[PDB]
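Next up is one chain by itself, shown in C-alpha cells, the form deposited in one PDB entry.
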C-alpha cells in the first residue's frame, strides 16, 4: 500500500526476531538473478556476484538462457541456465542498537498499523 520514504520511523523485525521501531536509512534497489540449475531446480534470489562464469557486477546480467556457473548456498559450484534479472525495491532500516537490515516492503509497518 502506502509508500515508505527514507528518514521515516517504521516498525520491523530485528535480527533477534521481535518487532521494534527502526528508521528507514535509505531505499535501495537489490538486483536478484534467477537461474534453472542443471538438475532442473530453480533459484529466484541469487546475487550477481554468485555467477562465477562471468563478471556480472562489471558487465551486467547473462543473456536469457545463457549457460552459467553459480556458487551456491553450500559453497560449491553448479551448472545453470540464466533465466532473468529481478530488481526489487528494498528498505535499509536501522535499529536503536545500531544494527541494520535490508528488507522488503511487506516486512515494514507504519506506526499506526496493527501488527500480527
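Residue numbers count along the first chain shown, from 1.
The discussion below concerns the form deposited with a partner chain bound, not included here.
- Within 4.5 Å of any heavy atom of the partner chain in the deposited bound form lies no heavy atom of residue 55.
- Remark: residue 29 does not count among the residues lining the partner chain in the deposited bound form, judged by a heavy atom distance of 4.5 Å or less.
- Residue contact check for residue 42: one or more of its heavy atoms lie within 4.5 Å of the partner chain in the deposited bound form.
- With a 4.5 Å cutoff on heavy atoms, residue 36 counts as touching the partner chain in the deposited bound form.
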